[PDB]
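Below: one structure, written as C-alpha cells.
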Amino acid sequence: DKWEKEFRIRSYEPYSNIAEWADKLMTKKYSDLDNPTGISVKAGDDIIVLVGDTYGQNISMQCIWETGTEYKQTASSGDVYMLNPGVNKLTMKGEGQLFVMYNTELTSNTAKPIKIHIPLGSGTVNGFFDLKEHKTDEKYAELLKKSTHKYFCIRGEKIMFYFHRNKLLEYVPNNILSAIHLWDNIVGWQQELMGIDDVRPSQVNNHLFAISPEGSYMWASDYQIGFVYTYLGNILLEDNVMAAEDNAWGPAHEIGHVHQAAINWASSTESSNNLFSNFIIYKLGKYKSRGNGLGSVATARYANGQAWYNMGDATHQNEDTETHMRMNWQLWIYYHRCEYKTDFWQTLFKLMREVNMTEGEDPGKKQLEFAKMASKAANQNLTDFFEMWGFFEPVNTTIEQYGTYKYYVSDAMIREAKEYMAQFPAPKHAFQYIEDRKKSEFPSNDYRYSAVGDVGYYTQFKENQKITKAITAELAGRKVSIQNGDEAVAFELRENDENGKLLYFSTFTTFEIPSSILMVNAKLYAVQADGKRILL
Ligand SMILES: [Zn+2]
C-alpha cells in the first residue's frame, strides 16, 4: 500500500542542536523529536533500516515510549540505536515509536536531507501527520483512522502534538488544521517578541513538543510541554481555547516559562513570562489584558514603601504576579501598541541575551541591567518608569523563588544605573501611567472594573493628548476630587514642586490619600501624556 510507503520511505531533514540554542537564546530546551518516522515497535522487534548518503553526518534512531511511577507520560528520551550508511539491523530493547535523530549545524553544506527506508516487515506503520506535506483535514482524518498506536504525532511548523489516539478521536476525529494552526501561532507569537528572526529558521528550527501525561495538569519544561490527557478538549478545539480568558492564558503562561530567561530575574519568575501571556491574549483578539491596576503599584511603593522585589509581598511569601505583570506589558503598550518603537521588545531581548545573566546569579544586578537595557533599546531615559516600578530602592536581603538568592541593590549600583540611563534623551511620554483598559469595558463584578482607574488610556498617549480644560482639584479630608481632568494621564502628590520626589499617584479622578503619606510640603499635579506637570 502507498500508505505504508509514505512512512517506510522518507527523507529526513536536518534539525539544529537543542542544548546549543537553549544556551544561545536563553530558553529551556526545545524538543529534539522533530523527526518522527511514524513506525511503532514492540520489544524484541527486528528493524531493518537502510540509510542513504549521510554526508558525513552522525545520525541515530531513538525509540520513544513512557516514563513515570505516580502515573505514565511520554518520555523526552528512550533507547538509542546508532545508524550507519547502508544496512542496519536493530533489535528493539523495548516498545515505542521511532524517531530519527539528525541534529547538526544547519548552515553547513553537508546539512542535507537523509533518505532512510524501513522496509515492509520491520515494525508497524502508525503514520503521523505533517502539516506542510499532508496539508488537509481529510488526510489527517485518514491517517488517524489507520493508526494503531497509543499516541499519534502531529507535526506543525513550530509545535508538535504527541497525544493519546483515543483523545484525538474523541475531540478532533476529522479535523486538525484549526488546532495545529492555532498552537503554531501561539508559539510563533512568543518567538516574534524574542527578536530571533536572524537565527530562526536559518540556524535554529526545533519544535516545541506537547505531550498528554496521564496526570498533573499543565506545565512546560526542558524538552517537552504537557497538558493532562483529561484536559485535551481545551487544547484541540479552538472554540474551547477561546471560551474563557483563562483557557488561552494558562497554556500561554506555561509556554512563556520556556522563553522568559533572558528578561527574567528571581522575584519575577511568575510574572515576566506574562509578557508572552498578555501578547497571546492580545493577538487572539477577544479578551482584555490581565493584571492589577496601577493603584496596586501606588499602594505598594508609596503607601507601603516597597521596591520591585517585594512589591505586594511584605511577608515575603509569594510574588505579587498580578501587580508585577503590568511592568513589561506597559512597555509593550507604549512602544508596540502606540507604535512609538515597534521593535522595542525584540531589541530589548537581543540586548538581554548580550547581558547573558542567569535568573538567579545576581538578581539585584539583573534588575538594573534590565532598566539600563530597556533605556538603550528605547533610546530614551526611562528613569521615571523604573523609579515608579521600584527599581531604585536599595535592597540587601535574601529571597526565595525556586531557590534562595541573595538580593543586593546598592546606592552605588543605583547611581551607576541612573547615570547610564541619563545618556539617553528624555522620554516623549509619561507612559508609566499607561493602561490598555478602561472601566466601560468590564462588568462591575470583574476585578478590573474598579482597578483600572479613570485616566491614562493608551489612546491619550498615541494621540499625544493635551490638557486644555479648566482642571481643578479639591481636598476634603484625605479625599482628592479632580474636576475637568479627563485629559490628564495621572495625578501626582510631589514634595515642594514638580521636581520633588513623588509621594503618591493615582489614575482615578477621585481618590483617598493614604494616612501614611506625608502631606507637609506636598503639591498636587495633573500629568499631561507628554510629561508636563500642571499644579492644581
Ligand atoms: Zn508559572
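Residue numbers (the working numbering): 197 to 732. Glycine is no exception: its CB is placed at the ideal position from the N, C-alpha and C atoms.
The bridge partners DSSP lists for residue 677 are 670 and 706.
Three or more Cβ pairs drawn from the region 200-215 and the region 302-312 lie within less than 8 Å of each other, which places the two stretches in contact. For the options 257, 242, 259 and 637, the alpha carbon positioned closest to that of residue 316 is the one of 242.
Beta-bridge partners assigned by DSSP to residue 729: 723. Taking 6 Å as the cut-off, one finds at least one heavy atom of ligand 1 near enough to the beta carbon of residue 466. Distance from the CA atom of residue 247 to the CA atom of residue 228, rounded to whole angstroms, is 20 Å. Going by DSSP, residue 360 is part of the beta strand (DSSP E) stretching over 355-360. Short of 7 Å from the beta carbon of residue 456, and not among the five residues preceding or following it, lie these beta carbons of its own chain, in chain order: 468 and 469. Rounded to the nearest whole angstrom, the C-alpha separation of residue 483 and residue 509 is 28 Å. By the neighbour-count definition (other C-beta atoms within 10 Å, threshold 16), residue 478 is a buried residue. If you ignore the 5 residues before and after residue 732, its C-beta comes within less than 7 Å of the C-beta of 667, 668, 669, 720, 721 and 722, all in its own chain and listed in chain order. Taking all protein chains in view, the Cβ of residue 461 is crowded by 16 or more other Cβ atoms within 10 Å, so the residue is classified as buried. According to the DSSP assignment, residue 203 belongs to the alpha helix (DSSP H) that extends over 198-204.
When beta bridges are read from the DSSP output, residue 349 appears opposite 358. Counted as a single uninterrupted DSSP element, the alpha helix (DSSP H) harbouring residue 470 occupies residues 470-480. The beta carbon of residue 691 is closer than 7 Å to those of 697, 699, 717 and 718 in its chain, skipping five residues each way along the sequence.
Runs of the beta strand (DSSP E) spanning 3 or more residues and lying entirely within the region 531-596 occur at 591-596, in chain order. Proximity to residue 656 across 367, 257 and 630 peaks at 630, based on C-alpha coordinates.
With contact defined as three or more Cβ pairs closer than 8 Å, the region 518-526 and the region 554-563 are not in contact. A direct Cα-to-Cα measurement between residue 728 and residue 662 gives close to 9 Å.
In the DSSP annotation of this structure, the continuous segment of the beta strand (DSSP E) that includes residue 284 starts and ends at 282-287.
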